[PDB]
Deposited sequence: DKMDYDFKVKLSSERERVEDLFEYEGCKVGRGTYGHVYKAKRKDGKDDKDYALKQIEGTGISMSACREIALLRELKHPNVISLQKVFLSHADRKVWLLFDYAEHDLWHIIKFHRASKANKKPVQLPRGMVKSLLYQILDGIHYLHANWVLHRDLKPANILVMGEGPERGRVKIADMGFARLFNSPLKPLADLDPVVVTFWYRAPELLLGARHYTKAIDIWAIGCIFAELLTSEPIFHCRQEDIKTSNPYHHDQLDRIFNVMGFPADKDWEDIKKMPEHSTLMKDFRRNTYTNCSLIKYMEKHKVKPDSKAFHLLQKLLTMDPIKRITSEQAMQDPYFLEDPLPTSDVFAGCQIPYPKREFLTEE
């Protein structure tokens, strides 16, 4: 070991432990490959506020875990989730992250409406805050890489009532679903770009407007059935519409397995009409500029925020819910 004793014990005496500071046992609200999340409360009567306790998978600290902590320690924006504290457990080598607690998110909000529709003022306001947060990330050269409804949190009753909070940005390596993935990644592209996040925003926005995931797909580098669905909503891209598709690693696999004629009466206009969204509307036209096949023809985070859709009545609001009661149920706990 060869470390100083007085250094170890002093640090060991003063080190704060997550189990001493927080009541979380039995309060598990989330499970996954990453590990576990609890809705925790402090054991003292200092404040009755809630917190999100993420216990990370594995001993030591992974590159992903290092990257999440590094970025979260610097990022500061109203629509990006805050790291309060990090606990390091020298006994068992586990790492815990303390976040502010988000009661709701797009995954659960959407599931409620699909089990029923989203007020349109609420959609606009969600979209604007998602764009506000992603623009902040992109201005700081941080890409999300895996933007989904389960990442876009919404704060429940509290001082930040109805505020979007984005999580899990900037550390995803390249059943799991590809419904929010851009076609360049499906056709073999080997790196993350700002365009990839914008496609994701395009997919989320469509689903906010209809309640169906626009590229919903069967569960199974190159993903046939996913692309089939993309071309059935969007149409098959013309050479002019995406010229560098030829440069994609899986272009020759695309020509083998597909034929342009199969998707000949398919287009985004025809898709959205079936879900009662009028293609003369500013909403559709913004959606079409986000959901563009060719990534270099896809608009930016800031350009989206300047869109006239957000100057059309109603304006978006700080409170996504816009005053009226939240009908969405709170998070139920887990057991296994």
Deposited sequence positions missing from the model - stretches, numbered from 1, in order = 117 to 123, 182 to 195, 242 to 247, 364
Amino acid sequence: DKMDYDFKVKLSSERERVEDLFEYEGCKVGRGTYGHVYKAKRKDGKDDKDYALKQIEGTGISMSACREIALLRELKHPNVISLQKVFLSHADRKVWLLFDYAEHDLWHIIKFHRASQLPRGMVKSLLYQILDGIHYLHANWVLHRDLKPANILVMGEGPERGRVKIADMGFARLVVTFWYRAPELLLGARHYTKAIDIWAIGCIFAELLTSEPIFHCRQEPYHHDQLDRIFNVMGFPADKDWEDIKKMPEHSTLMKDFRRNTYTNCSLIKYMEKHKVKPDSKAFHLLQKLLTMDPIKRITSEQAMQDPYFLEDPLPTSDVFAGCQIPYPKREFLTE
From here on, numbers count along this sequence of modelled residues.
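C-alpha atoms forming the largest set that superposes within 1.5 Å between two forms make up the rigid core.
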Stretch with greater C-alpha deviation in 9 other deposited structures of this protein, 121 to 129 versus 163 to 171 (rigid core superposition) = 163 to 171
After a rigid core fit, does 257 to 265 or 202 to 210 show more C-alpha displacement in 9 other deposited structures of this protein?
-> 257 to 265
Note whether residue 239 lacks coordinates in a third or more of the other compared entries that model its flanking residues.
-> no
Is residue 225 one of the residues left unmodelled in a third or more of the other entries compared?
-> no
With reference to the PDB entry, specify whether the mean Cα temperature factor is higher for 39 to 47 or for 60 to 68.
-> 39 to 47
So 25 to 33 or 295 to 303, which one's hotter by mean CA B-factor in the entry?
-> 25 to 33
Per the PDB entry, which option out of 197, 257, 207, 184 has the greatest Cα B factor?
-> 257
Whose C-alpha has the highest temperature factor in the PDB entry: 151, 140, 116, 193?
-> 116
Third assignment of residue 94 from its chain's C-alpha B-factors | middle
What third of its chain, lowest, middle or highest, does the C-alpha temperature factor of residue 247 fall into?
-> middle
Would you please rank residue 221 by its C-alpha temperature factor against the other modelled residues of its chain and give the third it falls in: lowest, middle or highest?
-> highest
Within-chain third of residue 112 by Cα B-factor, per the entry | highest
Chain thirds of CA B-factor: placement of residue 285 | lowest
